[PDB]
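>>> Sequence first, structure after; it's an experimental one.
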There are 2 protein chains.
Amino acid sequence: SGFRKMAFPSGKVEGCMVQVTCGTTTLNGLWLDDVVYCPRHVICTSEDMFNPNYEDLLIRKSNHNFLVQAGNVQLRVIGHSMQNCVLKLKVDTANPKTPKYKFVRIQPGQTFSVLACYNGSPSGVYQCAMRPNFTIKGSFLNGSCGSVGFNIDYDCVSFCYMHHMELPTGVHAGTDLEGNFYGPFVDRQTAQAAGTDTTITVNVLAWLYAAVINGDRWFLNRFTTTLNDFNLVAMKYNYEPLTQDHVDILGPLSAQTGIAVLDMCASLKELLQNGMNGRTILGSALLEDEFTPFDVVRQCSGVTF
Amino acid sequence: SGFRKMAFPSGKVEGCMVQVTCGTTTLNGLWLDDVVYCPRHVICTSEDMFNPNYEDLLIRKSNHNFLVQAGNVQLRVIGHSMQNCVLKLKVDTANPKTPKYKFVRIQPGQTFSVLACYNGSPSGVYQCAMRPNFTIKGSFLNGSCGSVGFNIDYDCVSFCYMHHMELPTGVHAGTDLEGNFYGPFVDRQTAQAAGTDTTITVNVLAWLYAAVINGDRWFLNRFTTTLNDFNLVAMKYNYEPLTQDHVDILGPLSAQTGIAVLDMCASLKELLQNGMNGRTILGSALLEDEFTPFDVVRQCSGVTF
Ligand SMILES: *C(=N)[C@H](C[C@@H]1CCNC1=O)NC(=O)[C@@H]1[C@@H]2[C@H](CN1C(=O)[C@@H](NC(=O)C(F)(F)F)C(C)(C)C)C2(C)C
Ligand SMILES: *C(=N)[C@H](C[C@@H]1CCNC1=O)NC(=O)[C@@H]1[C@@H]2[C@H](CN1C(=O)[C@@H](NC(=O)C(F)(F)F)C(C)(C)C)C2(C)C
């Protein structure tokens, strides 16, 4: 028992982190087989980042202008190209620690682990969610760019995020590993802001099932609701609409606990309309929305990698 | 910017996890050089665990009764001994992935990362604190025993915890790596309960400094206080006494922000006496006490390993 915000073990990703320097700009890269992936603004000086022409800046660079360091070892760059907002640096050595991996683009509401890195060295690991407004609530400083987010399934690392920038209010934005931004953001130092965020309804429901499994049951009421009537109530409280797909992914937790999804919705509806009256759920005074249904099943069943 | 509950990168520890089976009992072990460390109740059947005589159970075991598996490879056990509540299994192969390490006994109030494992394979990593009542608020299932807690300092892993048992209310108890329990607990399946816990005052203060650094400043008031008068107020709210040693370890955060420790104490005093009135600090509606001062400096300064 117990329920914690849990990250994936980071070792498989640690073995892929490198340092990339171009000129005086340094950030992190991801070394998979004989390719290093990193944010393209490594080729910018401080003055270039407000209105960069990346194609022009890249045309002026040769392979040898990129200093790639894996630990205390320089990797020789033998090719380079740009794909959307990432650079791909071909190196003459394949990373022997390359895990089985794929590149995935995740959906808003899905969670992943971030391995925050500086100068190619890991600082820490934490779990976060792709918010409905396409930001993440991370913890990132200068030099953190190129840190990656990932999920693990058995032996396979699915990379889903590479870090590029910080938006107002201390939230973070980045790309998939093909260099395409999540959300409407661009890698330029300009006036950009995230849209209004929304609470991830299906994740709150998943976390309420986690609470029941841990014996924190006070919020269960005696009612049910229709999906439509729940969604009318949730809307006012800035919760996203609950879809039938969301209901379906809650199926395993509903079957395990015997609590119909729409019954849990009735209990959540009451929490939104009446508050928690100084009570906590799994130690939290606010409803938590950064556990997916699969996160709850993994943690409560002890899935390993 | 941003502030997250952050774990250490787990890779160095992942490389040390193994599976230990004796009879039909399986749990995790820690493989460092040519020794595997694991909880001694691996030698118990289900019926032995209520009133075990570990010395007697161990006398009946030979080296070959211990099946140690590192991945898909069996490690030959060539010696065995018991030290307090841990078994030490000498194996004929040294772990090539052994990091620089030490064994430390941590103090209540200090934090560490846990790599939760089952059958020698990692499930997840999370950050926790040794509570004043010598439990941790973890997430552990059947078969999790032998999972370890640790800190990292540059290249050196300080192992401080090995998991043994779950107490009422879903909190967890274990030993240092010399097999000595934290707290008054014994590795026997008997009626045991943790004492009343207390809030880790110095950690709450550290987290309030983290809030200031992130620009969440609303709670700063215009007053100071004496250490004695603060401790009188904190006592009623089940906060531990703040010592001069605690004041001293807050020094770096106090110097960085220019907020005297006793001034922050005056602000905390007001939060305890008046509540937060529906406000949050760093997104939390409750005061957080599982960041140490050094945790805050590490995260806000980007310390790497
Ligand atoms: C990459 N190492 C950093 C990571 C930042 C630094 C502070 N916290 C982070 O997460 N990325 C940048 O510095 C990028 C880089 C130029 C400017 N920038 C920003 O993150 C800036 N933000 C924006 O311009 C905004 F608001 F549009 F997102 C900054 C004001 C420095 C936080 C480029 C190319 C975006
Ligand atoms: C080790 N793999 C498990 C970990 C437990 C299982 C459920 N959650 C955990 O953290 N440890 C045990 O099963 C130990 C083992 C016998 C009994 N036990 C317990 O944790 C039990 N608790 C106690 O006996 C109590 F309350 F005293 F702590 C249990 C009721 C199964 C949770 C021994 C030798 C302590």
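Looks like it came in fine. Numbers count the residues shown, from 1 in each chain, chains lettered A, B, ... in the order given. Ligands and ions are numbered 1, 2, ... in the order given.

>>> C-alpha only now, for contacts and for neighbours.
OK.

>>> Report all helices and strands that whichever strand or helix holds residue A:297 contacts.
Following DSSP states H and E, one finds residue A:297 within helix A:293-301. Packed against helix A:293-301 by the contact rule (3 or more CA pairs under 8 Å, 6 or more residues apart in numbering or on different chains; DSSP states H and E) you find helix A:201-213.

>>> hmm, back to that, would the helix holding residue A:297 count as contacting ligand 2?
No. Using CA under 6 Å from any ligand atom, helix A:293-301 stays clear of ligand 2, coming no nearer than 10.8 Å.

>>> got the angle for that helix vs helix A:201-213?
Interaxial angle of helix A:293-301 relative to helix A:201-213 (axes from the mean of the first three to the mean of the last three CA atoms, to 10 degrees): 20 degrees.

>>> how distant is helix A:293-301 from the center of its chain?
17 Å (CA atoms, centre = their mean, to the nearest Å).

>>> Same check on stretch A:205-212?
Relative to its parent chain, stretch A:205-212 has a centroid offset of 21 Å by CA atoms, centre = their mean.

>>> what residues does the helix holding residue A:297 touch?
Here helix A:293-301 makes contact (CA atoms under 8 Å, 6 or more residues apart in numbering or on different chains) with A:1, A:3, A:6, A:202-203, A:206-207, A:210, A:249-250, A:253, B:123, B:139, B:141.

>>> how about these, which pair is most distant?
A:202 and B:141 (24.9 Å; CA to CA).

>>> Who has more neighbours out of the two?
Taking neighbours as other CA atoms under 10 Å in any protein chain shown, residue A:202 and residue B:141 compare with residue A:202 leading, 27 against 18.

>>> do stretch A:17-27 and chain B meet?
No. Counting by CA under 8 Å from any CA of the partner chain, chain B is not contacted by stretch A:17-27; separation bottoms out at 12.1 Å.

>>> That stretch: which residues count as buried?
Residues of stretch A:17-27 classed as buried under the neighbour-count rule (16 or more other CA atoms under 10 Å in any protein chain shown) are A:17-22, A:26-27.

>>> what number of residues lie near the residue of chain A found nearest chain B?
Chain B sits closest to residue A:11 of chain A, with a gap of 3.5 Å, by CA to the nearest CA. Neighbour count for residue A:11, taken as other CA under 10 Å: 18.

>>> Not including adjacent chain positions, what is the nearest residue to it?
Spatially, and ignoring its direct neighbours in sequence, residue A:11 is nearest to residue B:11 (3.5 Å; CA to CA, 6 or more residues apart in numbering or on different chains).

>>> circling back to that earlier point, now tabulate the buried residues of stretch A:17-27 in JSON lines and tack on secondary structure and distance to residue A:57.
Formatted as JSON lines, those follow (DSSP: H, G, I helix; E, B strand; the rest coil; distance: CA to CA, whole Å):
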{"residue": "A:17", "secondary structure": "strand", "distance to residue A:57": "25"}
{"residue": "A:18", "secondary structure": "strand", "distance to residue A:57": "22"}
{"residue": "A:19", "secondary structure": "strand", "distance to residue A:57": "20"}
{"residue": "A:20", "secondary structure": "strand", "distance to residue A:57": "16"}
{"residue": "A:21", "secondary structure": "strand", "distance to residue A:57": "15"}
{"residue": "A:22", "secondary structure": "strand", "distance to residue A:57": "11"}
{"residue": "A:26", "secondary structure": "strand", "distance to residue A:57": "16"}
{"residue": "A:27", "secondary structure": "strand", "distance to residue A:57": "17"}
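
>>> And these, which two are furthest apart?
Greatest spacing in those, by CA to CA: A:17 and A:22 (16.6 Å).

>>> A helix includes residue A:216, no?
No. According to DSSP: H, G, I helix; E, B strand; the rest coil, residue A:216 belongs to no helix; its state is coil.

>>> Isn't it up against residue A:280?
No. Look at residue A:216 against residue A:280 with CA atoms under 8 Å: they stay out of range, at 9.0 Å.

>>> Of the contacts of helix A:293-301, which is the nearest to residue A:135?
residue A:203 (16.6 Å).

>>> For the closest one, give its distance to residue A:31.
As judged by CA to CA, to the nearest Å, residue A:203 and residue A:31 stand 33 Å apart.

>>> Check residue A:130 too.
24 Å.

>>> I'm done for today, thanks for sticking with me.
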